[PDB]
Amino acid sequence: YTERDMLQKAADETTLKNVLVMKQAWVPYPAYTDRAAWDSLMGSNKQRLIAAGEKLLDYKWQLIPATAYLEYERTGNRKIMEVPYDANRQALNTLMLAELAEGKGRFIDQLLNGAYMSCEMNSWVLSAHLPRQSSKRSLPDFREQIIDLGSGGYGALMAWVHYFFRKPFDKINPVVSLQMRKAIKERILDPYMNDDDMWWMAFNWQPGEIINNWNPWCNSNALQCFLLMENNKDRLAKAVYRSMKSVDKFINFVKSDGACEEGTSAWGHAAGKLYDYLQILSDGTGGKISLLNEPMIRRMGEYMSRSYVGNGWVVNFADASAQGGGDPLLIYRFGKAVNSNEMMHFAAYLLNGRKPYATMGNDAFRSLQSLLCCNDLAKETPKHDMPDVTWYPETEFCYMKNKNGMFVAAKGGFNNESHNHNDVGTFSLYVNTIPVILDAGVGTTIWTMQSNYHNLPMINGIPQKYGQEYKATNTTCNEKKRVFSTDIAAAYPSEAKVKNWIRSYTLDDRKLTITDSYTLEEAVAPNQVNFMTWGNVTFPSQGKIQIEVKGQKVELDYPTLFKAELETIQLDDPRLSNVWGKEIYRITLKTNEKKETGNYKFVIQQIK
Amino acid sequence: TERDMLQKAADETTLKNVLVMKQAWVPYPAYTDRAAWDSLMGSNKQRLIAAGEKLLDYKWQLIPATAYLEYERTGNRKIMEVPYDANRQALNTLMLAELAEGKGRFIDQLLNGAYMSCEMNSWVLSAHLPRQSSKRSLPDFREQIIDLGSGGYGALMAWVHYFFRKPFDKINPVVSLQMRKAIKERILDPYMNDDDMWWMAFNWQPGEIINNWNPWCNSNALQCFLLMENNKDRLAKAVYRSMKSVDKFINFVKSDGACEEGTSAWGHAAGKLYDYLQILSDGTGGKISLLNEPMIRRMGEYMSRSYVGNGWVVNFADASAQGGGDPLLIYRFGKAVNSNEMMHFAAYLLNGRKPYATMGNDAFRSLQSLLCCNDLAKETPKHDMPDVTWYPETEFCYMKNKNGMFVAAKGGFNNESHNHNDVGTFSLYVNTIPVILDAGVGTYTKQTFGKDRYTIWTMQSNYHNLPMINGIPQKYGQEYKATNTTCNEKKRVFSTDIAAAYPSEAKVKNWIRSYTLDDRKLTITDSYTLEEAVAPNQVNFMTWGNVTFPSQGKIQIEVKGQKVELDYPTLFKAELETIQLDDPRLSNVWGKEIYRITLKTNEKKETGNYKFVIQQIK
Ligand SMILES: CC(=O)N[C@@H]1[C@@H](O[C@@H]2O[C@H](C(=O)O)[C@@H](O[C@@H]3O[C@H](CO)[C@@H](O)[C@H](O[C@@H]4O[C@H](C(=O)O)[C@@H](O)[C@H](O)[C@H]4O)[C@H]3NC(C)=O)[C@H](O)[C@H]2O)[C@H](O)[C@@H](CO)O[C@H]1O
Ligand SMILES: CC(=O)N[C@@H]1[C@@H](O[C@@H]2O[C@H](C(=O)O)[C@@H](O[C@@H]3O[C@H](CO)[C@@H](O)[C@H](O)[C@H]3NC(C)=O)[C@H](O)[C@H]2O)[C@H](O)[C@@H](CO)O[C@H]1O
Ligand SMILES: [Zn+2]
Ligand SMILES: [Zn+2]
């Protein structure tokens, strides 16, 4: 945590008040009643958005019974509530886009139905999240509103529906728009301003607590609601400034190198929602209050490009999946806003030759924003080019590649990272995008979290220990040599009796060389070294391992003092078997030798 | 008439001294008292449990804004009402089921229904919402009015609250909390704070209607207050307000007890007056009761006296000739006013069925039906009544003989509720079967209300059992009326002067129409003095079935195994006019066609008289 306070430095309340754009004149989308301009913006999305609306002409708005909320308390079941909720939210979002697309009034009755139904609900908070209310119960209490991820999203959608359709709604019956205004005030505007204690707001934040994606996510949703629904200038400025203060807490908490330590799947709702907030704030101040030119924000964006190896494979340290991806439309808009050419071409590359279409789902802002960027992204040329080395020195992540298709990811860190795995000093090797030395990733400390099942030694036969203090020391990257080095000794407990253990990775054009150099206090038990892999693993001769997997072939050359064995790991958990298939392997390297000082060299290269 | 029977029985001060607090008046066992529920339920137990089980996966139905908008767009009520009623019926059935079983199996669904009901902006029907300030068919979250629907919804919610508060609060006390709020917002407060709801009749003046809405809504509100309002000062004020409101209704109906609309509203008119009086009595420990008032007994006995048999009811005015009733209701009302006739009639109306709990959506009638089943089951079926019933102010006369003839006749005036131009008419039934009929109610058209009402054949005296005097029919209007109407009960003679129901053009001084029923025959007479003989009189009779003319002056009618001869003056030429029935509301009663017998003559004179005789033959 560092006090940058970038937003507060861009303005105080008074300054902000002077640049706030009133009466919703900041809105970038045309008027509902502009068949011509919507037609231009939409292009080929039009027919498709109309077709999606047509499928909802007879959609029955789903009631959420009290028992669905009670179920959270009874059994911890969340989906019984969330499925109908999210179905309603998506229906309302789609209908919005379809009516913007068609403009013939045909989807207005269903929009009005969804909006009216939504006001009758006692709350838009998820059943899993409602226990943060005073009562601590999972059922809505009409006496209190809080804000959560869901309720903020629902609020912003409702605000956008109000914004586009109030005029035709009012013609049918003005009480609908009236009650939407009350609902948004009671469930978003007022709680936001009157309750300092919501955990994601990060006011009263002490060391040891979390600030995560909830902060920029909920603040971006609150901000839209104010910008759309609050027409008093003093009230507006106070809320917007409040949001600036709250987001500063997140910006202060995340490391400047810009790595997202939760991975490429958290990216879209962490960095991605910081971006959204900042786009929203810029738009709302006529671009006068903008952090989109800040280099930390570009680095936070580019993590998504750097961390994406290819064909759906991504770097997956911690409790994260080796298969991931991202929203190419979001990535384009984020890249274009921070002037990352790399991000823009990377978005066109992820399209994998498909035409970009409107984002659906239930996030009104991204849906609407997707409409703006479409023609542009369709014009963008696809490439995934990036430097040979990326070095995140505070997060201690290092990516190194060569022109022959090897990509290595390595890390230092500490055994209390977000969604920790005990993995200080580990690496992952990809060849032509395919994992060859892998990181197992996330189940549904289980074994996937143990250093025993990462690409690491068991020093004196002992694994890494969990804990803040169990950490890398002296992590370095030589960007030009493609050398990563760290001392992992302090990640192990006392009984490991190790003074120093340097693990280093050197990638040249032909090979990856892995070294271990150690000094022990006492040689108690033989070291063991493990590697994780998959596919077709053979042992053609002593000191040699061959790995054949999705068209790739390498050899791992290892010291002849070790005995190599392949351990089969059946994957019954589907969240793992959906990535890797039915089984993966741990190669164990074991020995009878025990010395106080020594070293190992391992060499991985492709072969014919 | 300013009877003010309830205000005479107590004022607010008396009331306050006799109200029973803490719902100690409730006549049902505690939910936890399983032995007492089992004894009360009898064979209803397993029936109600099975009905409950059918609803364990019931999905509570949302009502979309467009369903309410549709009333305005097209007049469609059912789009809104069908899911609404389904919800209410499910909630009512689940209450009964859970009372029957007592194991907590239906609690979750009761909770769900209750919570869903709180989230609705309003419980008012779409057709009724346009009485709000905005005059729209969509709820307005800022404002509540009460209607037929919302009152019943409110009462049902109050009963759910009363029975299941404890197991609800075990789950999550916020549900009961929101229920109390909802009932307060939607029933208690509007009832107290708004003096201008049309059905309360606090602003009533001559010309305006008081109808069934009054006792029906008052009785629902009264329940809510007795269940939910624990401040005795607020309770007394509410109850006394309901007494003043319901007095408007009692003042308005005729003391002779005839429901002039006819039997089809009896269940929700006199029957809801009964419900209101029972609730009031229960809530005051019996201290404020009009259940002993002879007028209330006559109101309830009207349902007996007007029910001929086999689904056939007396149907003057715009009313179906087919009707019926809820035997359980009829029994309870009968018992309460000490009417053996009504209690035996209820048994008769069961048609040999065992009495089971009332289902539907009326929580009070469902619960009350549990209390009465065992005794109604024991009651002997009979439909006994005096040979003559004479309603002297409404001017309805029913006369019967031991050989199966039932004659209904009326005086009155051509501005009665749901009026037909029918002063002086009669209807004859033979072993319950209509033989000289009164066509009754058709499907509403634009012409049904307004001028042109009397261009609809069913409304005209031309198509009732009456003369066309100098070829002229009766005219609509308050002063088009009977005079010198008498009934000799001993001799079974009804007589009336119908001259003044006819316009000037009919140029008639007097026309006495009289009905004499003996042990075998009905004699109909006309005796007339015209001002001038313009045109020949015509006399009409309405009938159905198989109509034949074996000789001059004779007609035979055979219908549904009954057979009669009609003897008419040979001066008349008799023709049979076929009336093919396009309208299902008619054809569902009468079949494909009915007939008008026309009796016509070239005679024309200032005075004369006609005799007709109807007797059973073959
Ligand atoms: C119970 C509780 O309070 N747990 C907190 C924990 O909060 C949890 O954080 C999760 C997170 O990963 O951020 C939440 O997961 C996300 O919830 C969303 C709301 O239902 C859902 O929308 C996410 O998925 C995306 O939504 C998009 C849309 O808005 O259109 C889609 O288009 C998108 O592609 C879709 O995937 C969902 N993420 C998932 C499933 O990975 C969860 O609601 C929440 O409970 C806190 O982070 C931690 C912090 O220490 O404390 C716990 O106690
Ligand atoms: C639309 C409107 O306001 N109409 C007013 C009349 O009220 C109607 O009276 C009917 C009646 O009591 O027969 C009502 O019918 C009943 O409705 C309840 C609730 O849905 C239901 O339980 C019954 O089965 C049903 N009975 C029927 C159909 O016979 C109807 O809801 C109601 O709209 C009012 O009588 C007249 C009086 O002047 O005014 C109209 O404006
Ligand atoms: Zn891992
Ligand atoms: Zn009639």
Side-chain angles (χ1 to χ4, degrees), chain A residues 263 315-322 409 411 413 417 419-424 426-428 438-443 445-456 464 532 576, chain B residues 71 75 77-78 80-82 84-85 88-89 123-131 137 145 147-153 198-199 208-217 220 261-262 264-269 272 314-321 360-362 365 408 410 412 416-423 425-427 437-442 449 456-466 542 586:
Chain A
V315 178
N316 74 298
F317 302 143
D319 231 11
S321 173
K411 62 183 305 294
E417 285 161 300
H419 299 289
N420 193 72
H421 287 191
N422 292 344
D423 55 17
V424 169
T426 195
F427 79 112
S428 306
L438 67 80
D439 203 325
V442 60
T445 59
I446 288 205
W447 68 270
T448 50
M449 309 190 172
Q450 290 165 357
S451 81
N452 309 60
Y453 288 98
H454 291 77
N455 303 302
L456 284 166
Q464 286 184 17
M532 298 303 286
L576 294 162
Chain B
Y71 185 72
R77 289 183 58 160
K78 280 188 186 213
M80 177 267 166
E81 292 177 14
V82 163
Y84 177 99
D85 282 341
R88 295 202 299 165
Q89 172 156 308
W123 297 337
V124 183
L125 303 180
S126 51
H128 302 150
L129 279 158
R131 293 203 179 79
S137 62
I145 65 166
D147 77 324
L148 298 184
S150 83
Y153 209 145
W198 73 271
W199 58 262
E208 300 176 350
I209 43 68
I210 315 177
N211 72 6
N212 65 320
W213 283 58
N214 176 303
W216 191 358
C217 294
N220 283 333
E261 302 195 23
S264 62
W266 175 94
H268 288 276
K272 277 300 174 187
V314 178
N315 74 308
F316 304 141
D318 217 40
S320 187
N361 65 50
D362 187 328
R365 287 186 175 177
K410 70 184 296 302
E416 284 165 310
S417 74
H418 296 68
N419 190 73
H420 286 182
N421 293 344
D422 63 12
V423 172
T425 195
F426 80 100
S427 306
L437 62 79
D438 196 338
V441 61
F449 312 102
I456 304 170
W457 65 277
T458 50
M459 308 287 188
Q460 307 171 347
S461 94
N462 311 56
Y463 288 94
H464 291 71
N465 302 311
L466 283 171
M542 299 304 286
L586 292 169

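For the numbers below, each heavy atom of this structure counts, side chains included, while hydrogens, waters and symmetry mates do not. Below, chain A is the first sequence line, B the second, and so on; all start at residue 1. One-based numbering, in listed order, for ligands and for the atoms of each.
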Is the closest protein non-hydrogen atom to atom 15 (O) of ligand 2 under 4.0 Å? no

Less than 4.0 Å from atom 10 (C) of ligand 2, is there any heavy atom belonging to the protein? no

Here the N/O/S atom of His421(A) closest to the Zn ion (ligand 3) would be ND1

Checking one value in my table: which N/O/S atom of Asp438(B) lies closest to the Zn ion (ligand 4)? OD1

Ligand-residue contact atoms, ligand 2 with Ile209(B), heavy atoms, under 4.0 Å: 37 (C), 38 (O)

Test item: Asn462(B) side-chain N/O and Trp457(B) main-chain N/O as donor-acceptor pair under 3.5 Å: no

Does the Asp147(B) side chain pair with the main chain of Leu125(B), one donor and one acceptor, at a distance under 3.5 Å? yes

Relative to the heavy atoms of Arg77(B), which atoms of ligand 2 are at a distance of less than 4.0 Å? 1 (C), 30 (C), 31 (O), 32 (C), 33 (O)

Are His128(B) and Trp213(B), when compared by the centres of their aromatic rings, separated by less than 6.0 Å? yes

State if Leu125(B) counts as touching ligand 2 under the rule of any non-hydrogen atom under 4.0 Å. yes

What part of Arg131(B), side chain from CB on, backbone N/CA/C/O, both or neither, has a heavy atom under 4.0 Å from ligand 2? side chain

For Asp423(A) and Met449(A), indicate whether the former's side chain and the latter's backbone hold a donor-acceptor pair under 3.5 Å. no

Atom 28 (C) of ligand 2 protein-contacted (non-hydrogen atom, under 4.0 angstrom): no

Counting only heavy atoms on the protein side, is anything nearer than 4.0 Å to atom 25 (C) of ligand 2? no

Determine whether the side chain, the backbone, both or neither of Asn211(B) has a heavy atom under 4.0 Å from any heavy atom of ligand 2. side chain

Do side-chain atoms of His421(A) reach the backbone of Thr448(A) as a donor and acceptor pair under 3.5 angstrom? yes

Exam field: side chain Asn455(A) to backbone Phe427(A), donor-acceptor pair closer than 3.5 Å: yes

Is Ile209(B) atom CD1 crowded by more than 12 heavy atoms from other residues, nucleotides or ligands, each under 6.0 Å away? yes

Pull out every atom of ligand 2 sitting under 4.0 Å from any heavy atom of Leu148(B), numbered as shown with elements. 14 (C), 17 (O), 31 (O)

Any idea which part of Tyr84(B) is under 4.0 Å from ligand 2, heavy-atom wise: side chain, backbone, both or neither? neither

Is there a donor-acceptor contact under 3.5 Å from the side chain of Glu416(B) to the main chain of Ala317(B)? no

Between the main-chain N or O of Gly149(B) and the side-chain N or O of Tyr84(B), is there a donor-acceptor pair closer than 3.5 Å? yes

With respect to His128(B), determine whether any N or O atom, backbone or side chain, lies less than 3.5 Å from an N or O atom of ligand 2. yes

With heavy-atom distances below 4.0 Å as the criterion, list the atoms of ligand 2 near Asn212(B). 12 (O)

Looking at ligand 2, does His268(B) have a heavy atom less than 4.0 Å from it? no

Protein contact for atom 33 (O) of ligand 2 (heavy atom, distance under 4.0 Å): yes

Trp123(B) and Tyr153(B) aromatic ring geometry - parallel, tilted or perpendicular at 30°/60° bounds: parallel

What is the nearest protein non-hydrogen atom to atom 8 (C) of ligand 2, stated with its residue, atom name and distance? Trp213(B) NE1, 3.7 Å

Main-chain N/O of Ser461(B) paired to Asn421(B) side chain as donor or acceptor, under 3.5 Å: no

Of all heavy-atom pairs between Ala322(A) and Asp439(A), which one has the smallest distance, and what is that distance? CB-O, 4.5 Å

Just heavy atoms, cut-off under 4.0 Å: does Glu261(B) contact ligand 2 by side chain, backbone, both, or neither? neither

min-distance protein heavy atom vs atom 18 (C) of ligand 2 -> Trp216(B) CH2, 3.9 Å

